[PDB]
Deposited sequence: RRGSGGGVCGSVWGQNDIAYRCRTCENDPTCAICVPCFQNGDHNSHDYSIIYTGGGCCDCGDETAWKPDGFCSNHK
């Protein structure tokens, strides 16, 4: 989308990333592995995802709760 503090980092079709059902705005949202690990999802309902690729929504509050942002993306 257009506009300018978001990861937006990108993974391929057979690259892993993370889904977190506690932090996501909806089921199409996801974050990269570095941003998941530098955040805290203890007790959240998260899974590793294997398919589809994506751009990291870490730092983007239309797609991800701010409580769920990693330490590098406020």
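Missing from the model, relative to the deposited sequence, is only the stretch 5-6.
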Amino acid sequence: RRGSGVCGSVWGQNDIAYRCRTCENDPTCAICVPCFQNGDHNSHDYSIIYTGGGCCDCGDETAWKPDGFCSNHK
From here on, numbers count along this sequence of modelled residues.
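For the two forms, the rigid core is made up of the largest set of C-alpha atoms that agree within 1.5 Å on superposition.
Core superposition of the other structures onto this form places the C-alphas of 6-14 farther off in 8 other deposited structures of this protein than those of the other stretch among 60-68 and 6-14. Here 46-54 and 21-29 are scored by the root mean square distance of their C-alpha atoms in 8 other deposited structures of this protein, with each structure fitted by the rigid core; the higher score goes to 46-54. As listed in the deposited structure, the average C-alpha B-factor of 60-68 and of 15-23 is greater for 60-68. In this PDB entry, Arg1 carries a Cα temperature factor that places it within the lowest third of its chain's modelled residues. Ranked against the other modelled residues of its chain, the C-alpha B-factor of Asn42 as given in the entry falls in the highest third.
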